[PDB]
Structure formats: structure tokens, C-alpha cells
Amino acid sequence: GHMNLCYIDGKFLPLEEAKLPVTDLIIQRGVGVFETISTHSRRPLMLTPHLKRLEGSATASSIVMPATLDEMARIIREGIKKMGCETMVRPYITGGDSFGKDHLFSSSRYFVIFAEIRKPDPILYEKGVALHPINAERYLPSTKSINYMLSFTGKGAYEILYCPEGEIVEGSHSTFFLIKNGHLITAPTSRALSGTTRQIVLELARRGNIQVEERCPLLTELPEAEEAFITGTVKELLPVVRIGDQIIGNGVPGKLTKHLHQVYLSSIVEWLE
């Protein structure tokens, strides 16, 4: 393993030493966007797609990029080289100190945290997890912002599930997939964040001739479901056995979830950079 690191103001620091000025509007106004990038075999997964989504997030938030993607990639690769071990990398783009008369954040800061990967406990893959449905949605759902406050305030659920007017969109942190009569159902990216894990799962489904519906699954359809799972770079495919007071299928991780997870882990090297 290795010491957790933070790249900030041109230097790799011990994470515990990295500080941001209190003037930054990430602190005062929640103006921040970020990515989570994970390694397999010490290579970043979906590095260019994560970086393209980071720019996407900044641009949609009126934040000018403080560094080019080529620079971010060079910093991310140097940091993973310093860690010497499987790493979770989180680049952060801040608003910086001002919103100009031009309606842009033009003094954005950025920093990159490097940490050891802490996957969810293998028991949660064996037993599956519970989600808490709420009648709320993520606004600007293409933006991966730093605003997770609602995820904390919102029955021992692993994650809240945004279910506006009873349409399942996604988790606070994770893409949601439903399996009904061997089909994969997941919200369209008009409503859900364009997950990189979500994208890989959709391409594995295409390859394995599994039909995909890009529509919001309904809370009212959950009794008719066999399986469910949530996705994100660190968790991969995490089975979901319970949503509110509805058990999913027979209440244990299902056949198609475990299959797609195994295909994911066998296939993952194609998307490493």
C-alpha cells in the first residue's frame, strides 16, 4: 500500500496537509464537480471518459477548466505511479473565489486525491443491499457535482434511490438496474447521470444479447422483478435485494446480476488506459 496523496498547487502533498482557501465557492456555495476513477492492475479504468465527463460537469456549471484534460491525465498517471498500489483517484474542480459579470467561474482551482481502493465488504455482494426510495430528483443530472447533502439526512438503507412521482431514476451515488423477465431496465441519461460503469454494463448486455430498456423502472413494477443492482466505478455491480418494504424477487442476489459482474471482471482490461 501507500500514503494517501493530494495534488494541489503544482505539488503532491500528504493528503492530511492539503488545504483550500475558505473564499472558494465550493465551500461557500457548493460550486464543485468531481470524478471517481479506479485502477485495475494499476491502470485507470475509463480515464478519458471520466475526464470528458469532468469537463462536461464543469462546462454545464459555468466553470472554466483550471487545467487541460491532458494535464489532468498526466497528474492522475504520476499520482497512481507514486501510490504503487490499486488507487481510487478523485479530481475536484472548484468554483474558485468569484462568479464574474460574464456568468463564469474563471478562477477555478483543482486538486486530485489519491487513496487506496476500499471495495464494499464481500458480505454485501453475497447478501445484497437495501435502497430507501424518496420522492425527489437530481436537477442537472448530467453534472457530477459535490452536493451529496440529501444522501446523509434522507431503515438502514445502503443508499437513497431518487423515485420522483414513483419513477426510479438512480441512486445518490449509483446507477440503478432492474432485471424483469431476463431484460435489463435502467433510466435514460436524459434523467440519470451517464455512468461509466452503466455504459460498460450496457455494452456487455449488447454483447451477451440481453435486451436493454432505457426507461425509468416503476416502484409499482418491483413485485414483478427478479433482480436489481446498482453500479459505480468502485462497487462494480452491487446486488439490491430490497427497495423500501419491497423484497426484489427471492430476496438474494440473482443469476443475471452475478453473470454480468463476472463478465465485467473478466472484460475490464479493454477499458483500462
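Numbering starts at 1 and runs along the sequence shown.
Count the deposited residues lacking coordinates between residue 133 and residue 134 and you get none at all. Look at the mean CA B-factor for 237-245 and for 212-220 in the entry; the higher one is 212-220. Two stretches are in play, 21-29 and 259-267, and the higher mean C-alpha B-factor belongs to 259-267. The maximum CA B-factor among the listed residues 193, 161, 123, 89, taken from the PDB record, is found at 123. Which of 72, 157, 146, 169 has the largest Cα B-factor in the deposited entry comes down to 157.
In the deposited entry, the Cα temperature factor of residue 95 sits in the bottom third of values across the chain's modelled residues.
When the modelled residues of the chain are ordered by C-alpha B-factor, residue 57 sits in the lowest third.
Ranked by Cα temperature factor within the chain, residue 77 sits in the middle third according to the deposited record. Among the modelled residues of its chain, residue 50 has a C-alpha B-factor that falls in the lowest third, as given in the PDB entry. Among the modelled residues of its chain, residue 202 has a C-alpha B-factor that falls in the middle third, as given in the PDB entry.
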